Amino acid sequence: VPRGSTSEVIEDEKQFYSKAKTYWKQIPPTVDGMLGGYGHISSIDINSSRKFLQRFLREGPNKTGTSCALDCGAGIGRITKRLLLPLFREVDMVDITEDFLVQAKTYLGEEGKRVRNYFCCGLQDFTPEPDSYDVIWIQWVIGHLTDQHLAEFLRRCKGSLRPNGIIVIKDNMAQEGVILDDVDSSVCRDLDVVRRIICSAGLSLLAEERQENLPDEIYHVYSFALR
């Protein structure tokens, strides 16, 4: 009954990507744009992400470093501004939408001078530098990749982590199956599907947490910390 892979829901992969690019090209370069009309939840999100991340910053043998993070599907840099720049000496951003990266230079202000690379690339086409990032943060974008491209992107991210580095995925989760949104050209996957993909990429879960205090009407949101 339920679909378990993107190959059951995507009619044409090239159109899946091209429609998403067109969709984001016509979104305003604002927090409300990044958050689909839910700009007001940004502080709830950031506070929770911060607490989640701080778990991994404690002193000890496995402490995650604080030299460099990578914000994936960063948009205008909502997460880079409020979560990552305060904690990491430098941050790189990657996003498909050039207009958002241009706006980021304004949005981020003076602290944005510590954004090193602004990569304008789809994740499916991006190979982060080996041994470069303490944290790779992937939020509200995995639904834009096919299962094969998401698994491969996660493998490339694994190869980019510094010692003790982590990947964080934070995204919408479906109650069951794999659900296409043909307006923004994305999919929403259930927790079993996402865990399968992570496993396929050679990654393991360090922690999984549901986001609390969200509007009742929206898809549930989870965070996963991986290595």
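Sequential numbering from 1, following the sequence displayed.
Higher mean CA temperature factor, per the PDB entry, when comparing 191 to 199 with 50 to 58: 50 to 58.
Relative to one another, 168 to 176 and 24 to 32 have unequal mean CA B-factors, and 24 to 32 is the one with the higher figure. You'll see in the entry that, of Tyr133, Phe88, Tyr107, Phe126, the Cα B factor peaks at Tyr107. Per-chain ranking of the deposited C-alpha B factor places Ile41 in the highest third. Among the modelled residues of its chain, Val183 has a C-alpha B-factor that falls in the highest third according to the deposited record. Per the PDB record, residue ranking by Cα B-factor puts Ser223 in the lowest third of the chain. Sorting the modelled residues of the chain by their CA temperature factor places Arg114 in the highest third. The entry lists a Cα temperature factor for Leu84 that places it in the lowest third of the chain's modelled residues.
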